[PDB]
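S.K.: Please read through the structure below; I'll follow up with questions.
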Amino acid sequence: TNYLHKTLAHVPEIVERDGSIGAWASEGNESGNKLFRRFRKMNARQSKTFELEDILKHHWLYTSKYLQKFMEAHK
DNA sequence: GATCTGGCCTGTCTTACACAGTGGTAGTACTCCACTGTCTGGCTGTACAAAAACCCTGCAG
Ligand SMILES: [Ca+2]
């Protein structure tokens, strides 16, 4: 199998070269994609002409540091 | 005697139409920017009384 081959043959090379792996996890996008699941439910327009547009808007809004910083609010 | 076919019902599906919502927009109406004076009422240094509910005490029973 593939990943097995990667991990028994190719781990050391990349770990040597590009600093760190798992650092570049795809985990983030897929894992977070459940946000695209929920946003469609709650804040839809709704009409697919807009459904994207407003979903993307809310998403990026939820994504910037700035509002996350203001969400922490002194721990 | 034993079976065909319209007349009529209803149980099942289906199809228009209604609400349901949501971010965007327009139309509307209710809150102040700032100027200037100016009146009203609640704070501050002790003194005099007025009410008030319990407590003692006399004296009445
Ligand atoms: Ca995946």
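Residue numbering restarts at 1 in every chain; chains get A, B, ... in the order shown in the structure tokens, and ligands count up from 1 in that same order.
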Show me, as a PyMOL selection string, every residue of chain B with an atom at most 9 Å from chain A, counting only C-alpha atoms (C1' of nucleotides).
M.R.: chain B and resi 21-23
S.K.: Could you write out the selected residues, including N, CA, C and O atoms (P, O5', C5', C4', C3', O3' and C1' of nucleotides), as a CSV table (one decimal), in the first residue's frame?
M.R.:
chain,number,residue,atom,x,y,z
B,21,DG,P,-39.1,28.8,10.2
B,21,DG,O5',-37.8,29.7,10.3
B,21,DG,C5',-37.8,31.0,9.8
B,21,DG,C4',-36.6,31.2,8.8
B,21,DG,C3',-36.1,32.6,8.6
B,21,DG,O3',-35.2,32.9,9.6
B,21,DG,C1',-36.4,31.6,6.5
B,22,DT,P,-33.7,32.3,9.7
B,22,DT,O5',-32.9,33.0,8.6
B,22,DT,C5',-32.0,32.3,7.7
B,22,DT,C4',-31.5,33.2,6.6
B,22,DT,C3',-31.0,34.5,7.2
B,22,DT,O3',-29.7,34.8,6.7
B,22,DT,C1',-32.5,34.9,5.4
B,23,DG,P,-28.7,35.7,7.5
B,23,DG,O5',-28.2,36.8,6.5
B,23,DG,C5',-27.3,36.5,5.5
B,23,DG,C4',-27.3,37.5,4.3
B,23,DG,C3',-26.9,38.9,4.6
B,23,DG,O3',-26.2,39.4,3.4
B,23,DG,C1',-29.1,38.9,3.9
S.K.: Return as an MDAnalysis selection string every polymer residue, whether protein, DNA or RNA, with at least one atom no more than 10 Å from an atom of ligand 1; count only C-alpha atoms (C1' of nucleotides) and all ligand atoms.
M.R.: chainID A and resid 26:27 29:31 33
S.K.: Please provide the set of residues having any atom within 10 Å of residue 58 of chain A, restricted to only C-alpha atoms (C1' of nucleotides), with same-chain residues fewer than 5 positions apart removed, written as an NGL selection string.
M.R.: :A and (36 or 39 or 43-44 or 52-53 or 63)
S.K.: Using atom CA of residue 55 of chain A and atom CA of residue 69 of chain A as the two end points, give the distance in Å to one decimal.
M.R.: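 If I compute the distance from atom CA of residue 55 of chain A to atom CA of residue 69 of chain A, I get 21.7 Å.
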S.K.: I'd like the interatomic distance between atom CA of residue 8 of chain A and atom CA of residue 24 of chain A, to a tenth of an Å.
M.R.: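 Taking atom CA of residue 8 of chain A and atom CA of residue 24 of chain A, their separation equals 19.0 Å.
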S.K.: Output as a VMD selection string all residues of chain A that backbone DSSP marks as helix (DSSP H, G or I).
M.R.: chain A and resid 2 to 9 11 to 17 27 to 32 34 to 42 48 to 63 65 to 72
S.K.: Next, write the just-selected residues to a file, as a CSV table (one decimal), in the first residue's frame, keeping C-alpha atoms as the atom set.
M.R.:
chain,number,residue,atom,x,y,z
A,2,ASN,CA,0.9,3.6,-0.6
A,3,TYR,CA,1.1,5.5,2.7
A,4,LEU,CA,2.9,2.5,4.1
A,5,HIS,CA,5.5,2.8,1.3
A,6,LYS,CA,5.8,6.6,2.0
A,7,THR,CA,6.3,6.1,5.7
A,8,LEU,CA,8.8,3.2,5.4
A,9,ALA,CA,10.7,4.7,2.4
A,11,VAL,CA,9.7,9.9,5.7
A,12,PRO,CA,13.4,10.6,6.4
A,13,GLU,CA,14.1,12.4,3.2
A,14,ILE,CA,11.4,15.1,3.5
A,15,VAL,CA,11.8,15.3,7.3
A,16,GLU,CA,15.4,16.2,6.6
A,17,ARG,CA,14.7,18.7,3.8
A,27,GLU,CA,-6.0,18.1,8.4
A,28,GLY,CA,-7.1,21.7,8.7
A,29,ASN,CA,-9.2,22.1,5.6
A,30,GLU,CA,-11.0,18.8,5.6
A,31,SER,CA,-11.5,18.8,9.4
A,32,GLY,CA,-12.9,22.4,9.3
A,34,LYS,CA,-17.9,20.8,8.7
A,35,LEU,CA,-18.1,24.6,9.0
A,36,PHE,CA,-19.3,24.6,5.4
A,37,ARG,CA,-21.8,22.0,6.5
A,38,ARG,CA,-23.3,24.1,9.3
A,39,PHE,CA,-23.1,27.5,7.6
A,40,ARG,CA,-25.3,26.2,4.8
A,41,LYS,CA,-27.9,25.3,7.4
A,42,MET,CA,-28.0,28.3,9.6
A,48,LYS,CA,-27.3,29.1,-4.8
A,49,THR,CA,-26.7,32.3,-6.7
A,50,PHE,CA,-25.9,33.8,-3.3
A,51,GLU,CA,-25.6,30.8,-1.0
A,52,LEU,CA,-21.9,30.5,-1.8
A,53,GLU,CA,-21.3,34.3,-1.7
A,54,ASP,CA,-22.7,34.7,1.8
A,55,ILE,CA,-21.3,31.4,3.1
A,56,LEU,CA,-17.8,32.4,1.9
A,57,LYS,CA,-18.3,35.8,3.5
A,58,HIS,CA,-19.2,34.4,6.9
A,59,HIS,CA,-16.4,31.8,6.6
A,60,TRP,CA,-13.6,34.2,6.0
A,61,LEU,CA,-15.0,36.4,8.6
A,62,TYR,CA,-14.9,33.6,11.1
A,63,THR,CA,-11.3,32.9,9.9
A,65,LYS,CA,-7.1,36.4,13.4
A,66,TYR,CA,-8.6,39.7,14.4
A,67,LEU,CA,-12.0,38.4,15.6
A,68,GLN,CA,-10.3,35.3,17.2
A,69,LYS,CA,-8.1,37.7,19.2
A,70,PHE,CA,-11.2,39.6,20.3
A,71,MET,CA,-12.8,36.2,21.1
A,72,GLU,CA,-10.0,35.3,23.5
